[PDB]
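Enquirer:
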DNA sequence: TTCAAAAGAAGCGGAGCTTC
Ligand SMILES: Nc1ncnc2c1ncn2[C@@H]1O[C@H](COP(=O)(O)OP(=O)(O)OP(=O)(O)O)[C@@H](O)[C@H]1O
Ligand SMILES: Nc1nc2c(ncn2[C@@H]2O[C@H](COP(=O)(O)O)[C@@H](O)[C@H]2O)c(=O)[nH]1
Ligand SMILES: [Mn+2]
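Take a look at the structure:
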């Protein structure tokens, strides 16, 4: 009773009765929220939040008094105080818009009159705001406190929401648009990454509002109100922001992008503030004034970020103690601004940075339409990073007179896949530009003698930054290769940088000088290398040179190598020994490093190996069609087209074929992760078409630079030698484009057959509008699929081992079958509860369930083991937030628009997520977590998932630690973890309770194509338990293998570059043995251990 | 079916069907 009259004392005048059993209008705000035991917001109880916070922001003394802090962020100075005054006057405008919209809503259809007479309009999807209004004569009005507090949240969101949005990729955009990932138009992905979908905008806004309101949710109130009221408020504020043009609304019609698509999708983009807006230097004053414990803030000095209790976006999953330990260690790391890079960026200027690293200024008529769009996105990324870096520099600059001495901490959270992600869009972990300006790495080096170990480390850092592949050569050979570069092509750039570090000035041709010197070595870290080398050259005391230059220990083909180590489940084979050595697991070779392996044993990494297996598979495919001239010719054209535009494919003088590890990298990785072959083909084609769209701009350009130039010279001039030599390239291009768009291979009964499309490419090429579209894209894709990708996937399987493929399949099926049941049972338990609600007069459709009831249902699924536990990590593969559960609107704005679907945290099908969740999680995820918490964990590093940036003083020990952490993670057994969960699932699952939809879903994973169609519950059941048996056997094999491997002498250098491998001190010596010998010895050990258990 | 976050709009009526 105390909580009822407690919230009622604060909001005495709201309309209705705070009793769900009441007869007249019930107030669902007071029914839904309670006062927190401990204060969360400083506006609770305030009668005019906007006036009170404006007052608070009016001066440093008033701010300090309001927040009850003795000192305030020094970035809150005069200039910024003035901007916040203006922003506060704008909050008055948004408030005034909101009040008018309510008035309009109350008047239309006489909703107001009707509400007054007892019509329960405060329960409509569009009338939930009626729960925070107050009677005012013959009409109603907002409660001023709730409204003004909501607006303050509107203001903060407006200020920083953009810099916290998720990055969207082709996959997301496809889902959003309902358009096939492979067939997405150019820059359509870019268009969507720039904007926020309705859902995306309202949910972040609503979160902020509910947070500033500073109340607590009633565990016994219907979600329709606890989520609904704050969301109805956010929807209104977003609408107000559109009227005021702080937010631009764009309704994107798919019908034009694709005739059959009926979706029209809203995109919301927040208007940009000027880059030189004072508010950028301290964009969180409001958050920090309103919230007792602010989330949005920078962390300077010994202001350490708190440690997150739950997995990122999986509130059902608690961060394990080991994970929380790792998060604490990373958040404890101090970052410092490298002043010379900041000065270099400033001196170059945003515009020359774009010209150097972006796409420069765009001549939208020397550019192919599609090329133009890809370049715009490029500039966007660089421009945003630039602006975000200098907003941070501004705030740091105020904290003291020397910005290089201000320690900066970053918040981290653990993701669904066990990775420690730095919060924020633009930070050192996620933005290369920021990465070179704000570093945790620092070292005092003795570079007075080029024969020092310190100088050798300096060299390694420089070479790696300059795109020398340092893990493929010894330190000594690296040295010589660096020297040749510094004295050769780079010297002009170096000299310019020397001058910059003397006078602070750059020449007007600086971009030209850099661009020419670096060539394809150009990058932000390369700029750091030039900067740091030059600083060294002008250094006064070379004996104590201070630099944040780093060396990154980076995993060699990490994911695939981890999968092979973690999930290969049978006896040892010689191929496995040789292949895994490509990833740094060396057997019987004490102290062997990746540098040595690559320069003396095997110059081919896992990607090159799969590329070599692709060539064999291609050759095999050719023989099977050696007499079929049309197919031979089809293949030749696909290879010819790729050759023309991709660097990783070369076709020799005599038709010889040569492939670089490049093409195999992505396909190898994602294939293991469950990617279809079709998805891969679309990617390859997209990379071809992109190179093509570009060459078209090379035409438009070189053609306006000389209206005399021939088509063949305007397109293949740069790539050819003579004139008629370019005429045959133009002849190939055209031949290839027509044959690959007019004819496609289809696989009928095991054999490939060419079919006509009737949609072949015909017409004179117009370099500006030229665009491979729809049916022509699909055709290129079909050819890419069968003549390239399928051979590649055969090569991939041959490389990583059919045994790994088998493990990942069982893993995939198990986790999938489990997610289907979890999803289905959860929906059914929900439908059952909603059926009970129809018996309830107090309840109304739209109210949905209480958090309590959802907690009950989520808890009833516990005996199906939704979580996978490793002992230091927890994975919840099925976990998601989806609209399919409630299948209804949560709220709309007051114009009956902006209809937000009611989204619920609930399990959903995993598809193939099981593989990468477990592989990334127990692989690199576990290594990094281990690296953070292990005895003598390296300090002052930046961890980027599968690579670690290390200061030049500690490269050797940190590197060995990294490799030890790799070994530690290779003690894992993800299949065993999955098994332990699936086994419990199988003990409790009732397949008969499943919807026929769930049943077919399961049958797809569990049963062969044939046995499906019309199999019984019992057929599924029996099949689902076979998978469990397979899992148990794999898990046993993995466990045996790891124990056996531990008995043997191993040198592990998976985190390569520095050449500091981890030795495991196996007692059994396998040196001076061929892989064949080794595999036999290991297999003996395997059998004997297999017996230790059998008895 | 790669993973790391989801995600149509809007008239009429007061939910949820419907048409674009
Ligand atoms: N597109 C992707 N999809 C899924 N996982 C990815 C993707 N890109 C990277 N990863 C994961 O992150 C890891 C690190 O990727 P990285 O860019 O370092 O390449 P890599 O696979 O380590 O090979 P290398 O480092 O030799 O180029 C990968 O091994 C993989 O597990
Ligand atoms: N799981 C996953 N990781 C990625 C993906 N792209 C990049 N990464 C991770 O981020 C790293 C790239 O870092 P950067 O390219 O910013 O230097 C990769 O080494 C990898 O660990 C991706 O698409 N999926
Ligand atoms: Mn790597």
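Numbering (the UniProt record's numbering), first residue to last: 1003 to 2097. Note that beta-carbon positions come from the ideal geometry of N, C-alpha and C, so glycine has one too.
1) In the DSSP assignment, find the beta strand (DSSP E) that holds residue 2079 and state where it starts and stops.
2) With DSSP run on the structure shown, which of helix, strand or coil describes residue 1411?
3) Would the C-beta of residue 1877 count as close to ligand 1, meaning under 7 Å from any of its heavy atoms?
4) Taking only runs that begin and end inside the region 1284–1343, name each unbroken alpha helix (DSSP H) of 4 or more residues, in chain order.
5) May I ask you to list the residues that DSSP assigns as paired with residue 1182?
6) Give a single yes or no on whether residue 1948 has its beta carbon closer than 7 Å to a heavy atom of ligand 2.
7) In chain order, what residues of the same chain have a beta carbon less than 7 Å from the beta carbon of residue 2046, not counting five sequence neighbours either side?
8) Which residue marks the beginning of the beta strand (DSSP E) containing residue 1552, and which one marks its end?
9) Does the Cβ-Cβ distance between residue 1032 and residue 1010 come in under 8 Å?
10) Just mark residue 1473 as buried or exposed, buried being the case when its beta carbon has 16 or more other beta carbons within 10 Å.
11) Contact between the region 1239–1248 and the region 1095–1103: three or more CB pairs below 8 Å?
12) Cutting at 6 Å between CB atoms, please list the residues of its own chain near residue 1523, excluding the five before and the five after it.
13) What residue range does the beta strand (DSSP E) around residue 1249 cover?
14) Helix or strand or just coil, what does DSSP make of residue 988?
15) Which of the three DSSP states, helix, strand or coil, is assigned to residue 1947?
16) Using a 10 Å radius around the Cβ and a threshold of 16 neighbouring Cβ atoms, would you call residue 1342 buried or exposed?
17) Excluding the 5 residues preceding and the 5 following residue 1252 in the sequence, name in chain order all residues of the same chain whose CB lies nearer than 8 Å to its CB.
18) Between residue 1316 and residue 1329, is the Cβ-Cβ spacing less than 8 Å?
19) DSSP three-state label for residue 1438, please.
20) How would you label residue 1582, buried or exposed, when you count the other beta carbons within 10 angstroms and need 16 or more for buried?
21) State the DSSP-derived secondary structure class of residue 1919, mapped to helix, strand or coil.
22) Opposite residue 1138 in the DSSP bridges: which residues?
23) From this set, 1233, 1650, 2074, which residue's C-alpha is nearest residue 1900's C-alpha?
24) So, residue 1557 versus residue 1936, is the Cβ gap smaller than 8 Å?
25) Out of curiosity, what's the CA-to-CA distance linking residue 1485 and residue 1478?
26) List the residues that DSSP assigns as beta-bridge partners of residue 2050.
27) Is it a yes or a no for the region 1203–1216 touching the region 1125–1145, going by three-plus beta-carbon pairs under 8 Å?
28) Verify whether the separation of the beta carbon atoms of residue 1016 and residue 1145 is less than 8 Å.
29) Below 7 Å, is the gap between the Cβ of residue 1675 and the nearest heavy atom of ligand 1?
30) Under DSSP, the alpha helix (DSSP H) around residue 2002 begins and ends at which residues?
31) Once DSSP output is grouped into helix, strand and coil, what is the label at residue 1452?
32) So, with DSSP's three-state summary, where would you put residue 1424?
33) Does the distance between the C-beta of residue 1556 and the nearest non-hydrogen atom of ligand 3 fall short of 7 Å?
34) Helix, strand or coil, according to DSSP, for residue 1564 in the structure here?
35) What runs of the beta strand (DSSP E), each 3 residues or longer, lie entirely inside the region 1647–1692?
36) Could you name each continuous alpha helix (DSSP H) segment of 4 residues or more that falls completely within the region 1042–1128, going from the start of the chain to the end?
Expert: Reading it off the structure:
1) DSSP places residue 2079 in no beta strand (DSSP E) but in the uninterrupted alpha helix (DSSP H) bounded by 2077–2096.
2) Reduced to three states, the DSSP call for residue 1411 is strand.
3) No - ligand 1 has no heavy atom lying nearer than 7 Å to the Cβ of residue 1877.
4) The region 1284–1343 contains these whole alpha helix (DSSP H) runs: 1287–1292, 1323–1333.
5) Answer is none; residue 1182 lacks a bridge partner.
6) Within the chosen limit of 7 Å, ligand 2 reaches the beta carbon of residue 1948 through at least one heavy atom.
7) Taken in chain order, the residues that qualify are 2084, 2087, 2088, 2091.
8) Looking at the DSSP string, the run of the beta strand (DSSP E) that includes residue 1552 is 1552–1557.
9) Taking 8 Å as the cut-off, the Cβ atoms of residue 1032 and residue 1010 count as close.
10) Under a 10 Å Cβ-count criterion, residue 1473 is classified as buried, with 16 or more other Cβ atoms of the shown protein chains found around its own Cβ.
11) With three or more CB-CB distances shorter than 8 Å, the region 1239–1248 counts as touching the region 1095–1103.
12) Cβ-Cβ distances below 6 Å link residue 1523 to 1468, 1469 in the same chain, with the five nearest sequence neighbours on each side left out; the list follows chain order.
13) Start and end: 1249–1255.
14) Look at the range of the chain in this structure, 1003 to 2097, and you will see that residue 988 is not part of it.
15) Secondary structure at residue 1947: coil, using DSSP grouped into helix, strand and coil.
16) The residue is buried, with at least 16 neighbouring Cβ atoms inside 10 Å.
17) Cβ contact annotation for residue 1252 (same chain, cutoff 8 Å, sequence separation greater than five): 1197, 1268, 1269, 1270, 1271, in chain order.
18) Taking 8 Å as the Cβ cut-off, residue 1316 and residue 1329 do not qualify as a contacting pair.
19) Here residue 1438 carries a coil assignment [DSSP, helix/strand/coil].
20) When all chains shown are included, residue 1582 counts as buried.
21) Secondary structure at residue 1919: helix, using DSSP grouped into helix, strand and coil.
22) In the DSSP output, where bridge partners are listed per residue, residue 1138 has 1141.
23) Checking every option, the nearest Cα to that of residue 1900 belongs to 1233.
24) Judged by their CB atoms, residue 1557 and residue 1936 are not nearer to each other than the 8 Å cut-off.
25) The C-alpha of residue 1478 is placed about 11 Å away from the C-alpha of residue 1485.
26) DSSP, once it has assigned bridges, lists 2070 as partnering residue 2050.
27) A contact is defined here as three or more CB-CB pairs under 8 Å, and the region 1203–1216 fails this definition with respect to the region 1125–1145.
28) Yes; because the gap between Cβ atoms is below 8 Å, this pair is in contact.
29) Within the cutoff, so yes.
30) Taken as a continuous stretch (DSSP letters only), the alpha helix (DSSP H) holding residue 2002 covers 1998–2008.
31) DSSP places residue 1452 in coil when its eight states are reduced to three.
32) The three-state reading of DSSP puts residue 1424 in strand, counting E and B together.
33) Yes; taking the cut-off as 7 Å, the Cβ of residue 1556 has a heavy atom of ligand 3 nearer than that.
34) For residue 1564, the secondary structure class from DSSP, reduced to helix, strand or coil, is helix.
35) Within the region 1647–1692, complete beta strand (DSSP E) segments of at least 3 residues are found at 1651–1653, 1659–1661, given in chain order.
36) 1051–1058, 1062–1069, 1080–1109, 1113–1118, all fully within the region 1042–1128.
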